């Protein structure tokens, strides 16, 4: 597999393992200039992002990846786009779309730009 899929796929396995288990380790994949758009709402900077992810109203969450597309950029970044499904506590499974822009800063691949959206919802 290409190097952008290699890195890409490891990032999203890291990301979803941490979200699902210890999501107070999610701060380490973001820098201070990072931008998160969660369900149309914009959170700027590490502190605002880590506060938004820690405030989410659930105790247990599990994600599954249906498909993941990775691409190199001309400026040496990686774009990772995911389609999947999640189950928060005992609520119905919901679909989700999630997009990540990775940059290698100080010898580590960090997320500068993250956008998340729940699927449409056909009911409820």
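Residue numbers count along the first chain shown, from 1.
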Higher-B stretch (mean Cα B-factor, as the entry records it), 23 to 31 or 42 to 50: 23 to 31
Deposited CA B-factor, highest of 71, 59, 98, 37: 59
Chain third (lowest, middle, highest) by recorded CA B-factor, residue given as residue 80: middle
Lowest, middle or highest third - CA B-factor, residue 102: lowest
CA B-factor ranking of residue 115, expressed as a third of its chain: lowest
